[PDB]
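So the structure is just underneath, and the comments pick up after that.
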Amino acid sequence: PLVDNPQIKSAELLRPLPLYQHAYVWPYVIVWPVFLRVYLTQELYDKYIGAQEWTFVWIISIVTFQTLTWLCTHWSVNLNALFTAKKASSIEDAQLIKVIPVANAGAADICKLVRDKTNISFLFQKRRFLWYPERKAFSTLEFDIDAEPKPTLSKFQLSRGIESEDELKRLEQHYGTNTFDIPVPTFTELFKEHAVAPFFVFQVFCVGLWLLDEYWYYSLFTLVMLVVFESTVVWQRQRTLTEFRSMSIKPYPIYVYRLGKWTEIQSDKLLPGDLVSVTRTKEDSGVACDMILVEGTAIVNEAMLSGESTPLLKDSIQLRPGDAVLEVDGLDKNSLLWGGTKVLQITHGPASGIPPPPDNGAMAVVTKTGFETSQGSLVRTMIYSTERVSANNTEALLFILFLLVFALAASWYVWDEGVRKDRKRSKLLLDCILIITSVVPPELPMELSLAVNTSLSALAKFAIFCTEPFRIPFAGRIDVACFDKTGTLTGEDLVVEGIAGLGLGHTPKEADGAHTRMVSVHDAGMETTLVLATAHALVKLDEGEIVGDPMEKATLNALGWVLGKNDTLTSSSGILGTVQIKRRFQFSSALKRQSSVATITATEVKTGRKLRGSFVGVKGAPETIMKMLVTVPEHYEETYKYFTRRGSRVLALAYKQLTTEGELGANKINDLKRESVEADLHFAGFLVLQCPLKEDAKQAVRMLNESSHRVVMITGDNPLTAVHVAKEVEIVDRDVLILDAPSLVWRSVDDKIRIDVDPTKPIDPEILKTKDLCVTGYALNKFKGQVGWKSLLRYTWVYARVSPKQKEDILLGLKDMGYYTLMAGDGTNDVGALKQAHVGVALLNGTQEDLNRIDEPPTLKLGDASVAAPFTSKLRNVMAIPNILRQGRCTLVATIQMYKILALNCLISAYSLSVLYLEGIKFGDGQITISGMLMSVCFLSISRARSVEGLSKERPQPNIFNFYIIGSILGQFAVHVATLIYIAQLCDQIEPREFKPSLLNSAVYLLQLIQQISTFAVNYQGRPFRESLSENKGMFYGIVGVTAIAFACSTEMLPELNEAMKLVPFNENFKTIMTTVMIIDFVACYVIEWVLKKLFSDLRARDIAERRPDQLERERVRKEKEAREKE
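Everything in the sequence shown is counted per our numbering, starting at 172 for the first residue and increasing by one.
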């Protein structure tokens, strides 16, 4: 019924049908008595043959058709909807619904409708959908905080919880219980699920078919090898499900204000709208569900959602305008308690008029319960991480069908040659079906999953964890690698340079008139010291730790003052005073300033000059305070521009006195508007800070730029700092031009070129050709949708001063052009941007020494994955991005080599069987068993390979169908079939014509063994991405031993081993011809594969990542210098 969800493609309504009308019952009920009448009494042998073997063939064919029609319902959902069910009229009589998700959301499934009263609902991927008759469509549940019009704060500030019992029952029926429902099945249900998959039943059918031809050991070996693998997979899945269940939070008693009483209920019956009391959490516990603080403040530790153990600070919405302010999740982000955090402290113990709870805790209001929380969604998307097996297999099936044509040609030729020589039709058909069925590889469509699960183990050694593992192949096709700033490229070990520009209006100067004289923070004025000690937002734990932004911690450490009990600072500095913060206005990231009101009492030791009373301190961006001053100085703009042009961070300080003596009063300070306070300011000075670059930034950017990628930067600072950082990190090289309002004029860094451009006209080609670009946020906003917006995303690499919405806007605009993007951020400022990109990395702040003191990868506990981005690195190194880009590049290479090996093996086996069956002879049982065991040994021995220590300019192919895989497969197959035809013809020329040994059997067996080893030796993907064949002993010895064994059996070094495989002894000349033919075959295969790899393997870089010859020359001379300095 056209459900409303971005992750669902279509829907349909069905009704169930009785067992009589199922499509796998009634036609067989019609046709079986016809066959019984024909076989029993009718004697209509015209459409028959007569033998018992043909009766067996007819019975097998009928049973096979019936069970195939039955299994087609389990294999696909469309045939399930067609054969068993049938379409209904509308929602009034339908009982079943079919849901088909988006291309990478899982597998389609038939969902059952459940009706409760009027309400129609169904469960899809553990997510509840509801039927809204006013919209005539299905959609997910709607909560009070996620309405299309955002509710005001008067909804939550005056909330009184649940007041009626029928409302409680309605909420219980609507939203359900607050728990994680993860049902774990037993071994029987999982093996039933695994035993109906098409490839398992196909392998069972192949085993039965081989057993029909009197092969007792081969079928048993295949059955054992299949059964143990399936049992291992089922046991691993069961263990993973048990571990997933084990992480659910246990219920604990809590206080809920229900029906006017503070009744104690368990934490398993929370409903959206309840008024719960938050207290300090116990050991092995946490917040039950998402909340919003309505009174008091709390200090939390969100280590189960972001992977960081740094304490935070959360504040209530108690002191906000109740109805005049619409709730926004950009300014009120410090009021929501997420489900899974641990509360560490409660500071205080109301507008709603509610008596305090008995436990003396903060009051909150529940918003989301169940899987609809954040960590609930993370758990749900980690349960269904196997989207690589279900929403896939659309190209491997085509590869199997492509091999089936080469199978059918040989089978048809064998049948046509057999019908003209008067063969028995009960054996020729079996031989043809064996030739057909010996082609389909059983482990072909699930190669990508094994490669991904192998790469995930190597990634989990540098503390890099992946939540959605289908993005690993996406990491090998990256063209644009976007970067952030202040969380990725630059660290957080800020150092206070000093206070400069405080001498204005009262002297070294430059051409522009800037004041370069800089004064240390110790020898500063009293007002500036009071502003620095007033306008912070630091709070102290009872145990002695200080929490907050590292900027405030750094400036407090540089100031020298100490932090007291309750927002009181005393005092090395020469101020010798005390302050007490009354009211605090928080930073908003859009007003670009923060302010505070405090009571001061200072006594300067140099000139006395007592000062006491109310005080207002504000600290923010220098371009915003200038709009709030009363008299700007003579050289304000030039001074702050000069001090920010060198990569330093400049903040302005302003102060205002309210009362020269005496308190303002609690009632006055409790009721003050932000706009009235932040006006009529004085000037104190500038605070200058230097953010040091990370140690790995330059190397990890120089590796990305020189390996067919492109590195852009999307920051949020002023353009001068962004340009300086990009020049230090070597992103831009030539002269840059900043596009910003002065009109959207072009500006230079030194402000010597001012070129105006109109947004309707296209930009100048010379600007795009001879200069680098830095596009701001305002200019990009004024270029939205016009003709120049397509060429402003291909020639710009530094985006400065952009909102978090514009980041995902830029990422979407870059994705819509066909490029693949990567986003690396801190995981807090931008959340939608990290998910809009193809692959997103969230670089945390943990050091290596923190990790020191504290097969698929270890299953992700709640402290390992992050809710912001799919990938997550627990180390702060920038080098974590090339590791991902190298693993995602080696995965494609491994997949390509396995695809090239399996098809060649199958095509060799089929055309060996076709050559043998034209003469009437057949393989021995021991020979084929030894061949299978040796092939399995070689497969085990070849899989142990590792990667190189650096990136490469050559990119691998991303898909099967190209001019490299197909050409190599065809060439090697043609060489092998010509070799086999020549050997068969020579053996027929030498000796003219129950299992007995013969010359042709031994010759064909030896040739096919040698070819099946040569296709392992030749088709190994080596040098550029992974370790070479000759480097490691593990596969070299394995190949050499089996090659020597086969050659020794060929030339009769050990005649005792010959009788194990039933080989007729040869003479000298035939041995010489066989050895020469083997060597010629190997050399020709190697030459063809090397030529095709040298010609067609390289996938060239895009137009956005191509370098100029100057950069190539600089890279060459830098590599030459490094090679010279290596010794």
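For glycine and all other residues, C-beta sits at the position ideal for the given N, C-alpha and C.
Assign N1229 to one of three DSSP states: helix, strand, or coil.
-> Taking the sequence shown and counting its residues from 1, the one referred to as residue 1229 is at position 1058. In the structure shown, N1229 sits in a helix (DSSP, three-state: H, G or I).
Can you say whether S1139 is buried or exposed, counting buried as having 16 or more other CB atoms within 10 angstroms of its CB?
-> Here residue 1139 corresponds to residue number 968 of the sequence shown, with the count starting at 1. The residue is buried, with at least 16 neighbouring Cβ atoms inside 10 Å.
Start and end of the beta strand (DSSP E) containing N472?
-> Mapped onto the sequence shown, residue 472 falls at position 301. From DSSP, the beta strand (DSSP E) with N472 extends over 469-472.
Unbroken alpha helix (DSSP H) runs of length 4 or more, entirely within the region 1128-1210: which are they?
-> 1136-1161, 1170-1189
Selected residue, minimal CA-CA separation from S878, among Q409, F1196, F756 | For the purposes of this step, residue 878 is taken as residue 707 along the sequence shown, with counting starting at 1. Of the listed residues, the one whose Cα sits closest to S878 is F1196.
Among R1047, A1276, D1001, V894, which has the Cα closest to the Cα of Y966?
-> Here residue 966 refers to the residue found at position 795 of the sequence shown. Of the listed residues, the one whose Cα sits closest to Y966 is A1276.
Measure the C-alpha to C-alpha separation of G684 and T810 and round it to an integer number of angstroms.
-> Position 513 of the sequence shown, counted from the first residue, corresponds to residue 684. Position 639 of the sequence shown, counted from the first residue, corresponds to residue 810. When rounded, the distance between both Cα atoms is 7 Å.
Extent of the continuous beta strand (DSSP E) to which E435 belongs = Within the sequence shown, residue 435 is the residue found at index 264, counting from 1. Where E435 is concerned, the enclosing beta strand (DSSP E) stretches over 432-437.
Going by DSSP, which residues form a beta bridge with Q516?
-> Here residue 516 refers to the residue found at position 345 when the sequence shown is read from its first residue. Paired residue(s): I470.
What are the boundary residues of the beta strand (DSSP E) that includes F362?
-> Residue mapping note: residue 362 aligns to position 191 of the sequence shown, counting from 1. Here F362 belongs to no beta strand (DSSP E); instead the alpha helix (DSSP H) covers 358-365.
Consult DSSP for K218 and reduce its assignment to one of helix, strand or coil.
-> Along the sequence shown, read from residue 1 onward, the residue named residue 218 stands at position 47. Coil, per DSSP.
Along the chain, where does the alpha helix (DSSP H) that runs through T1100 open and close?
-> Numbered from its first residue, the sequence shown carries residue 1100 at position 929. 1096-1113 is the extent of the alpha helix (DSSP H) around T1100.
Rounded separation between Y426 and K440 - CA only = Position 255 of the sequence shown, counted from the start, is the residue given in the question as residue 426. Position 269 of the sequence shown, counted from the start, is the residue given in the question as residue 440. Distance between the alpha carbons of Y426 and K440: 11 Å.
Apart from the five residues just before and just after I436, which ones in its own chain have a Cβ nearer than 6 Å to its Cβ?
-> In the sequence shown, counting from the first residue as 1, residue 436 sits at position 265. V427, listed in sequence order.
So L1234 packs on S1173, CB below 8 Å; how close in whole Å?
-> Stepping through the sequence shown from its first residue, residue 1234 is reached at position 1063. Stepping through the sequence shown from its first residue, residue 1173 is reached at position 1002. Going by Cβ atoms, the distance from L1234 to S1173 rounds to 4 Å, so yes, they are a contact pair.
What is the DSSP secondary structure of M722, counted as helix, strand or coil?
-> The residue labelled residue 722 in the question sits at position 551 within the sequence shown. DSSP places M722 in helix when its eight states are reduced to three.
Can you give the beta carbon distance from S582 to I607, rounded, assuming they're within the 8 Å contact cut?
-> For the purposes of this step, residue 582 is taken as residue 411 along the sequence shown, with counting starting at 1. For the purposes of this step, residue 607 is taken as residue 436 along the sequence shown, with counting starting at 1. Correct: roughly 5 Å between the Cβ atoms.
Which stretch, first to last residue, makes up the beta strand (DSSP E) that contains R881?
-> Within the sequence shown, numbered from 1, the residue matching residue 881 stands at position 710. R881 -> beta strand (DSSP E) spans 881-885.
Buried or exposed: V273, going by 16 or more other Cβ atoms within 10 Å of its Cβ?
-> Against the sequence shown, residue 273 aligns to sequence position 102. With fewer than 16 other Cβ atoms within 10 Å, it is exposed.
Buried versus exposed call for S767 [16 or more other C-beta atoms within 10 Å across all chains shown] = Counted from its first residue, the sequence shown places residue 767 at position 596. Classification of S767: buried, given that the 10 Å Cβ count is 16 or more.
Relative to the C-alpha of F1241, which residue among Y1070, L983, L1177 is closest?
-> By one-based count along the sequence shown, residue 1241 stands at place 1070. Per the Cα distances, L1177.
Contact check, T538 vs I316 under 8 Å by CB: the rounded distance?
-> Taking the first residue of the sequence shown as 1, we reach residue 538 at position 367. Taking the first residue of the sequence shown as 1, we reach residue 316 at position 145. 5 Å between Cβ atoms; contact.
At which residues does the alpha helix (DSSP H) containing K326 begin and terminate?
-> Position 155 of the sequence shown, counting from 1, holds the residue named residue 326. Run containing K326: 325-328, per the alpha helix (DSSP H) assignment.
So, using beta-carbon positions, are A1155 and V1086 closer together than 8 Å?
-> Numbered from 1 along the sequence shown, position 984 holds the residue referred to as residue 1155. Numbered from 1 along the sequence shown, position 915 holds the residue referred to as residue 1086. Their beta carbons are under 8 Å apart, which means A1155 touches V1086 by this criterion.
Residue environment, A256, which counts as buried when at least 16 other CB atoms sit within 10 Å | Residue mapping note: residue 256 aligns to position 85 of the sequence shown, counting from 1. The residue in question, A256, is buried, as its Cβ has 16 or more Cβ neighbours within 10 Å.
Determine the DSSP secondary structure at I1092, reduced to helix, strand or coil.
-> Along the sequence shown, read from residue 1 onward, the residue named residue 1092 stands at position 921. Here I1092 sits in coil by DSSP.
Under the rule that 16 or more other beta-carbon atoms within 10 Å means buried, what is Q1192, buried or exposed?
-> For the purposes of this step, residue 1192 is taken as residue 1021 along the sequence shown, with counting starting at 1. The residue is buried, with at least 16 neighbouring Cβ atoms inside 10 Å.
According to the Cβ coordinates, are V496 and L483 closer than 8 Å?
-> Translated into the one-based positions of the sequence shown, residue 496 becomes position 325. Translated into the one-based positions of the sequence shown, residue 483 becomes position 312. It is not a contact, given that the beta carbons lie outside the stated cut-off.
CA-CA distance, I517 and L490?
-> On the sequence shown, residue 517 is found 346 positions in, with the first residue counted as 1. On the sequence shown, residue 490 is found 319 positions in, with the first residue counted as 1. If I take the Cα positions, the gap works out to 18 Å.
Quick one: give me the first and last residue of the beta strand (DSSP E) that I425 is part of.
-> Here residue 425 refers to the residue found at position 254 of the sequence shown. Note, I425: beta strand (DSSP E), 424-429.
Using the rule of at least 16 other Cβ atoms within 10 Å of the residue's Cβ for burial, across every protein chain shown, is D1001 buried or exposed?
-> In the sequence shown, the residue the question calls residue 1001 occupies position 830. Buried, by the Cβ-count rule.
For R754, the first and last residue of its enclosing beta strand (DSSP E) | On the sequence shown, residue 754 is found 583 positions in, with the first residue counted as 1. Element bounds for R754: 749-756.
In whole angstroms, what separates the C-alpha of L615 from that of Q977?
-> In the sequence shown, counting from the first residue as 1, residue 615 sits at position 444. In the sequence shown, counting from the first residue as 1, residue 977 sits at position 806. About 43 Å.
Taking the alpha helix (DSSP H) that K297 falls in, what are its first and last residues?
-> As a working mapping, residue 297 is identified with position 126 in the sequence shown. Looking at the DSSP string, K297 is not in any alpha helix (DSSP H), and its letter there is neither H nor E.
Determine, using beta-carbon pairs with one atom in the region 663-671 and one in the region 1063-1071, whether at least three such pairs fall under 8 Å.
-> no
Pick from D455, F358, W433 that is closest to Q407, judged by C-alpha positions = Counted from its first residue, the sequence shown places residue 407 at position 236. It is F358.
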